[PDB]
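Remarks on the structure that follows.
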Amino acid sequence: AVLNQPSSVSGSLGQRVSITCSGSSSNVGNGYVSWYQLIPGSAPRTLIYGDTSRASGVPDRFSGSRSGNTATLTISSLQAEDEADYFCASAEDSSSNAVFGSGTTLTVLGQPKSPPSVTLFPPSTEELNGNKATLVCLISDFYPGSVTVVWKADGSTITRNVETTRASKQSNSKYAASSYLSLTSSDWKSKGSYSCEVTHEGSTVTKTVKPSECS
Amino acid sequence: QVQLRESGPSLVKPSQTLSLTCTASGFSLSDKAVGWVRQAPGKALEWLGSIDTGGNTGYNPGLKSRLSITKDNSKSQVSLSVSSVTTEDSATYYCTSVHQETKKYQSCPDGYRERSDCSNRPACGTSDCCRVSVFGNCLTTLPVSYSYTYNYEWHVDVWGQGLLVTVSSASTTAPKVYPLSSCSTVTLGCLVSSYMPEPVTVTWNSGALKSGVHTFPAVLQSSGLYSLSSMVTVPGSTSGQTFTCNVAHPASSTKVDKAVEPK
Ligand SMILES: [K+]
């Protein structure tokens with residue numbers, strides 16, 4: 001089984017936020033639900049066990065409850081550092097068999113919007129000596145955490161040999177991504193300019209490099 | 001608390017067996033089990049299985065046929081094996097210390113009454129639960145046995161730090177490291193190109209330069225190899241200085257300190 005959680009939940013700072021976890025009599029209805037907090041780059045952290053008991057080090061603003069086949073994790077006063085994924089869990093049919101919830105992403109509202117900074121690096125001489133050319137488009141300090149990237153050369157859109165990462169949270173709570181255009185040294189030299197156009201919340205920031213004018 | 005440390009290959013080929021080990025050190029009379037949980041990128045946490053002091057194992061029913069969990073007391077180690085892996089088995093694998101308890105209950109179902117609560121004997125032979133009449137007294141006929149119910153308790157008490165395992169046909173490959181320079185503030189970078197498996201480490205100036213450094217998560221290219229970049233912004237005042245990007249890729253025994261210069 002998989003426990004039913006809402007995919008997402010949002011709240012503003014200081015608010016009360018709740019995340020439900022609905023299952024069957026054979027899992028949640030068994031009366032020993034646990035909850036885990038997952039933040040990227042960290043191991044999971046146990047928050048609640050046995051429906052209602054807080055694990056060690058867990059702030060009082062976290063509490064759990066259960067009503068029949070639905071458990072609830074409540075944060076009574078939402079804080080910035082509560083942004084995370086939350087998973088419920090329960091034993092099923094056996095104490096050594098655990099089923100998890102589908103997980104809930106909790107967004108804390110009110111983070112200021114921020115446009116991306118973009119740096120576009122041309123291929124290095126050393127790489128070109130190897131007959132390869134990678135153009136590196138580095139995108140940082142944006143929020144919310146989604147961009148779309150378009151590559152161009154002499155006004156034509158490029159799709160082949162482009163790979164773009166997902167957006168990942170930086171230490172300052174804004175987001176970063178990068179996009180790579182992998183060309184041969186010959187292809188690199190064969191265009192007048194290449195551009196990385198990064199669109200974010202309707203606004204586009206463009207950087208350009210010109211082979212004939214690059215060192 | 002119990003100390004958990006995962007070990008094993010970070011890279012395995014499809015159809016091979018993934019073998020991991022955990023050393024679990026702590027109170028020798030601990031009644032926690034040691035279990036394995038994984039999370040594949042973009043997916044939920046997933047239970048694999050556990051083993052306890054008594055040697056009792058339990059598994060995710062859906063995965064059981066592919067899993068084997070054993071222990072070796074002499075090495076303080078619990079082992080996990082996942083057979084015939086595919087890329088679906090790429091995940092962070094966590095060793096965990098697990099609470100596991102079972103509580104069993106017996107009750108008499110509705111319309112019946114525990115025989116000891118009846119008055120006259122023999123209330124309904126020697127059966128567990130006598131039938132209750134409309135008037136609300138015990139009847140001798142058609143008694144039932146107890147309904148038995150079990151309440152299962154599971155939770156993770158301690159999480160290991162996890163081990164990322166990638167299942168790929170790509171072989172271990174050392175990166176090529178290239179200096180990046182643009183065409184009052186200068187921005188320098190290093191490209192760590194085409195390596196396998198993760199991770200690599202990048203510092204600047206042998207660790208001395210930390211401020212203004214941004215190292216980006218890796219991209220996976222169609223070749224099946226990773227690339228990542230790091231960049232640093234420094235005051236144009238310091239342009240006369242020498243800058244280096246220190247790259248290490250332990251998997252391929254690669255260690256490079258790359259000089260990076262404005263063009
Ligand atoms: K023990």
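Starting from 1 in every chain, residues are counted up; chains themselves are A, B, ... following the order of the structure tokens, and ligands are numbered from 1 as listed.
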
Considering only C-alpha atoms, tabulate each residue of chain A that lies at most 6 Å from chain B along with its nearest interatomic pair and the corresponding distance in Å to one decimal; arrange the rows by chain and ascending residue number and present them as a tab-separated table.
```
residue	atom	partner	partner_atom	distance
A:30	CA	B:151	CA	5.5
A:32	CA	B:153	CA	5.6
A:43	CA	B:161	CA	5.5
A:91	CA	B:154	CA	5.3
A:94	CA	B:152	CA	5.9
A:95	CA	B:152	CA	4.8
A:96	CA	B:58	CA	5.0
A:97	CA	B:60	CA	5.8
A:98	CA	B:47	CA	5.9
A:102	CA	B:44	CA	5.8
A:121	CA	B:182	CA	5.7
A:165	CA	B:219	CA	5.5
A:214	CA	B:183	CA	5.2
```

Enumerate as a PDB file with C-alpha atoms, in the first residue's frame the residues within 9 Å of ligand 1, counting only C-alpha atoms and all ligand atoms.
```pdb
ATOM      1  CA  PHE B  27      24.111  -0.724  23.354  1.00  0.00           C
ATOM      2  CA  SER B  28      24.624  -4.476  22.918  1.00  0.00           C
ATOM      3  CA  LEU B  29      21.224  -5.133  24.555  1.00  0.00           C
ATOM      4  CA  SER B  30      19.414  -2.829  22.169  1.00  0.00           C
ATOM      5  CA  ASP B  31      16.074  -4.301  21.055  1.00  0.00           C
ATOM      6  CA  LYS B  32      15.817  -2.116  17.955  1.00  0.00           C
ATOM      7  CA  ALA B  33      16.064  -3.851  14.609  1.00  0.00           C
ATOM      8  CA  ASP B  52      16.673  -8.080  14.615  1.00  0.00           C
ATOM      9  CA  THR B  53      18.677  -9.593  17.464  1.00  0.00           C
ATOM     10  CA  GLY B  54      16.775 -12.861  17.179  1.00  0.00           C
TER      11      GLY B  54
END
```

Neighbour list for residue A:167 as JSON, numbers by chain, cut-off 8 Å, only C-alpha atoms, skip fewer than 4 positions in-chain: {"A": [145, 146, 147, 175, 176, 177]}

File dump, residues just selected, N, CA, C and O atoms, as a PDB file, in the first residue's frame:
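The result, stored in result-v9.pdb:
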```
ATOM      1  N   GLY A 145      11.524  28.650  -7.895  1.00  0.00           N
ATOM      2  CA  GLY A 145      12.589  27.787  -8.356  1.00  0.00           C
ATOM      3  C   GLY A 145      12.264  27.057  -9.638  1.00  0.00           C
ATOM      4  O   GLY A 145      12.322  25.839  -9.672  1.00  0.00           O
ATOM      5  N   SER A 146      11.901  27.790 -10.684  1.00  0.00           N
ATOM      6  CA  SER A 146      11.759  27.182 -11.993  1.00  0.00           C
ATOM      7  C   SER A 146      12.176  28.197 -13.049  1.00  0.00           C
ATOM      8  O   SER A 146      11.803  29.374 -12.992  1.00  0.00           O
ATOM      9  N   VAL A 147      13.010  27.747 -13.970  1.00  0.00           N
ATOM     10  CA  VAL A 147      13.374  28.555 -15.126  1.00  0.00           C
ATOM     11  C   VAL A 147      13.160  27.702 -16.360  1.00  0.00           C
ATOM     12  O   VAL A 147      13.086  26.474 -16.262  1.00  0.00           O
ATOM     13  N   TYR A 175      17.379  29.596  -5.722  1.00  0.00           N
ATOM     14  CA  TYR A 175      17.604  28.432  -6.548  1.00  0.00           C
ATOM     15  C   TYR A 175      18.678  28.662  -7.585  1.00  0.00           C
ATOM     16  O   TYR A 175      18.903  29.785  -8.032  1.00  0.00           O
ATOM     17  N   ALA A 176      19.308  27.553  -7.961  1.00  0.00           N
ATOM     18  CA  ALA A 176      20.326  27.480  -9.004  1.00  0.00           C
ATOM     19  C   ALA A 176      19.996  26.367 -10.006  1.00  0.00           C
ATOM     20  O   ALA A 176      19.365  25.371  -9.665  1.00  0.00           O
ATOM     21  N   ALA A 177      20.458  26.549 -11.234  1.00  0.00           N
ATOM     22  CA  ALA A 177      20.403  25.532 -12.274  1.00  0.00           C
ATOM     23  C   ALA A 177      21.560  25.778 -13.240  1.00  0.00           C
ATOM     24  O   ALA A 177      22.207  26.828 -13.207  1.00  0.00           O
TER      25      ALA A 177
END
```

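Using only C-alpha atoms, the smallest distance between any of B:34, B:63, B:202, B:213 and residue B:256 comes from B:202.
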
Please provide the set of residues having any atom within 9 Å of residue A:101, restricted to only C-alpha atoms, with same-chain residues fewer than 3 positions apart removed, written as an MDAnalysis selection string. (chainID A and resid 1:5 21:23 86:90 104) or (chainID B and resid 44:45)

Could you pull the residues within 6 Å of stretch 65-80 of chain B, counting only C-alpha atoms, minus those fewer than 2 positions along the same chain, as a PDB file with C-alpha atoms, in the first residue's frame?
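The resulting file, selection.pdb, is reproduced below:
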```
ATOM      1  CA  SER B  19      25.418  -5.534  -1.899  1.00  0.00           C
ATOM      2  CA  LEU B  20      25.560  -3.064   0.956  1.00  0.00           C
ATOM      3  CA  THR B  21      26.712  -3.365   4.536  1.00  0.00           C
ATOM      4  CA  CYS B  22      25.899  -1.451   7.695  1.00  0.00           C
ATOM      5  CA  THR B  23      27.920  -1.540  10.910  1.00  0.00           C
ATOM      6  CA  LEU B  63      10.400  -6.531  -3.183  1.00  0.00           C
ATOM      7  CA  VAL B  82      19.331  -6.492  -4.040  1.00  0.00           C
ATOM      8  CA  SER B  83      19.481  -8.880  -6.988  1.00  0.00           C
TER       9      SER B  83
END
```

Per DSSP on the backbone, filter stretch 102-223 of chain B down to the residues in helix (DSSP H, G or I) and report them as an MDAnalysis selection string. chainID B and resid 115:117 205:207

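Excluding residue B:252 and any residue on its chain fewer than 5 positions from it, the residues at most 7 Å away by only C-alpha atoms are residues 172, 173 and 174 of chain B.
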
Strand (DSSP E or B) call set, DSSP backbone run, stretch 102-236 of chain B, as a PyMOL selection string: chain B and resi 102-107+112-114+123-126+129-132+138-144+147-159+163-167+173+176-181+185-196+201-204+209+213-215+219-220+226-235

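You can rank B:192, B:198, B:87, B:254 by their closest distance to residue A:124 using only C-alpha atoms, and at the top of that list sits B:192.
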
When you look at residue A:85 with a cut-off of 10 Å (counting only C-alpha atoms), what residues show up, excluding the ones that are within fewer than 3 positions of it in the same chain? I need them as a ChimeraX atom specification. /A:7-9,36-40,44,82,103-107 /B:44

Please dump the current selection as a PDB file, in the first residue's frame; keep N, CA and C atoms.
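Output contents, as saved in again_39.pdb:
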```
ATOM      1  N   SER A   7      -0.200  16.203  -2.280  1.00  0.00           N
ATOM      2  CA  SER A   7       1.093  16.374  -2.938  1.00  0.00           C
ATOM      3  C   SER A   7       1.807  17.603  -2.401  1.00  0.00           C
ATOM      4  N   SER A   8       1.027  18.634  -2.101  1.00  0.00           N
ATOM      5  CA  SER A   8       1.575  19.900  -1.650  1.00  0.00           C
ATOM      6  C   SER A   8       0.696  20.545  -0.589  1.00  0.00           C
ATOM      7  N   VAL A   9       1.323  21.388   0.218  1.00  0.00           N
ATOM      8  CA  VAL A   9       0.650  22.187   1.222  1.00  0.00           C
ATOM      9  C   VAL A   9       1.440  23.483   1.356  1.00  0.00           C
ATOM     10  N   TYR A  36       8.080  11.842   9.117  1.00  0.00           N
ATOM     11  CA  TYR A  36       9.477  12.110   8.800  1.00  0.00           C
ATOM     12  C   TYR A  36       9.564  13.385   7.991  1.00  0.00           C
ATOM     13  N   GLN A  37      10.628  14.146   8.236  1.00  0.00           N
ATOM     14  CA  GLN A  37      10.901  15.366   7.511  1.00  0.00           C
ATOM     15  C   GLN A  37      12.143  15.156   6.679  1.00  0.00           C
ATOM     16  N   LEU A  38      12.038  15.521   5.414  1.00  0.00           N
ATOM     17  CA  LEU A  38      13.123  15.367   4.464  1.00  0.00           C
ATOM     18  C   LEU A  38      13.433  16.711   3.816  1.00  0.00           C
ATOM     19  N   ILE A  39      14.663  17.146   4.022  1.00  0.00           N
ATOM     20  CA  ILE A  39      15.174  18.360   3.408  1.00  0.00           C
ATOM     21  C   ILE A  39      16.342  17.955   2.524  1.00  0.00           C
ATOM     22  N   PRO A  40      16.373  18.431   1.262  1.00  0.00           N
ATOM     23  CA  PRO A  40      17.455  18.057   0.341  1.00  0.00           C
ATOM     24  C   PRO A  40      18.838  18.205   0.961  1.00  0.00           C
ATOM     25  N   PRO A  44      16.724  11.800   6.255  1.00  0.00           N
ATOM     26  CA  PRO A  44      15.414  11.994   6.878  1.00  0.00           C
ATOM     27  C   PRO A  44      15.512  12.185   8.392  1.00  0.00           C
ATOM     28  N   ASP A  82      10.803  25.149   8.165  1.00  0.00           N
ATOM     29  CA  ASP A  82       9.901  24.006   8.046  1.00  0.00           C
ATOM     30  C   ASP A  82       9.637  23.603   6.589  1.00  0.00           C
ATOM     31  N   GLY A 103       3.895  11.442   0.186  1.00  0.00           N
ATOM     32  CA  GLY A 103       4.743  12.579   0.510  1.00  0.00           C
ATOM     33  C   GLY A 103       4.078  13.901   0.192  1.00  0.00           C
ATOM     34  N   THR A 104       4.375  14.893   1.021  1.00  0.00           N
ATOM     35  CA  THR A 104       3.826  16.230   0.871  1.00  0.00           C
ATOM     36  C   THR A 104       4.948  17.231   0.882  1.00  0.00           C
ATOM     37  N   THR A 105       5.007  18.063  -0.148  1.00  0.00           N
ATOM     38  CA  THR A 105       5.913  19.200  -0.193  1.00  0.00           C
ATOM     39  C   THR A 105       5.258  20.412   0.450  1.00  0.00           C
ATOM     40  N   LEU A 106       5.908  20.932   1.486  1.00  0.00           N
ATOM     41  CA  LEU A 106       5.409  22.062   2.246  1.00  0.00           C
ATOM     42  C   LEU A 106       6.176  23.314   1.880  1.00  0.00           C
ATOM     43  N   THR A 107       5.477  24.285   1.304  1.00  0.00           N
ATOM     44  CA  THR A 107       6.075  25.553   0.911  1.00  0.00           C
ATOM     45  C   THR A 107       5.699  26.594   1.945  1.00  0.00           C
TER      46      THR A 107
ATOM     47  N   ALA B  44       9.007   8.309  -3.357  1.00  0.00           N
ATOM     48  CA  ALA B  44       8.804   8.287  -1.919  1.00  0.00           C
ATOM     49  C   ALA B  44       9.861   7.415  -1.253  1.00  0.00           C
TER      50      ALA B  44
END
```

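Among the candidates A:160, A:61, A:174, A:189, the one nearest to residue A:209 when counting only C-alpha atoms is A:189.
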